[PDB]
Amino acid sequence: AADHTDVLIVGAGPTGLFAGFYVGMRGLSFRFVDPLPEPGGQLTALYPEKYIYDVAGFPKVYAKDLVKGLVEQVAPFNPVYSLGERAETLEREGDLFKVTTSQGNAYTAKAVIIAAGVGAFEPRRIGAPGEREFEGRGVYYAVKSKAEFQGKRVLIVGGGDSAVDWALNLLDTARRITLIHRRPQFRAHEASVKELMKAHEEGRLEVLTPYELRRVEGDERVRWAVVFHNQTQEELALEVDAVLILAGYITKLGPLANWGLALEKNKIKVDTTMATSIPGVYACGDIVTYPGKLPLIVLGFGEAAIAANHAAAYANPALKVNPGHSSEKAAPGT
């Protein structure tokens, strides 16, 4: 896979999404690359269920709903979402930039916007014997396709908003679902939770709390999983074909430290036009640093607007940086 776009954006968190929106507003093509399986960054991975109060114009808005808003806002420009992939290398070849992903893919772009946040997200492991051994052979950390779980007996581990959703989404395809969580309350939206417990009572699936994963067993592939009551230590052996670990994602500075960027305390140094030390490469959001920089969504959006328009002008010299009043233009997409 070597697709090309005018601009490639590292990170599909809130700032990356808005940057993509503006790149789209300037008439350019753009691709989002992020190891997280969906858009939203920290909002989606760490607190989708919580209200945010300091985003301009929203007296109150759920992190999950803000993401939905941003996704819908970028949609008219038909973005290319290359999620589930981490940007490993950033190289310049002639008039283009080449980025190779953790999936072996090689995308190119005329300009690059780095909205990497505090680092690349990756599934957190449970640490149970057999978990690591059977990864790829019955142990999963993401659902790439529901067919992968067709007629399968599945054990889902997790208590976050993501585990709740996948348990429900799979009732549609899995033979049997069993979900364990270390405590009674889930950190997911109340409605979704009520929907899950309803399915439990209906016998559509099985929810066990407070339970944790002791170990995964198999031969050539997963055959069983042993879970345990974290208080009484009583164990339960479940016959399963797959173990879907959805215990959240964690961040690591990662690859971006190897791109030859001017950094300061693991943050990307930028001037006021959001340009990094490398020409044609811009940044915005939690990943940048400058005097007065605050790790806030509201500032991240403003930084994205700046990065996107300067990157746009860099990728297409026929464009001025200032975009003009959106209110005086045709609705996005036309």
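All residue numbers refer to positions in the sequence shown, first residue = 1.
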property	result
Higher-B stretch (mean Cα B-factor, as the entry records it), 162 to 170 or 121 to 129	162 to 170
Per the entry, higher mean C-alpha B factor between 184 to 192 and 136 to 144	184 to 192
Out of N78, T101, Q73, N230, highest CA B-factor residue	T101
Candidate set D95, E212, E220, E217 [ranked by C-alpha B-factor, highest]	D95
Record-listed C-alpha B factor of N266: chain third	highest
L319 - which third its CA temperature factor falls in, relative to the rest of the chain	highest
For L246, the third of its chain into which the C-alpha B factor falls	middle
Within-chain third of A87 by Cα B-factor, per the entry	middle
Lowest, middle or highest third - CA B-factor, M197	highest
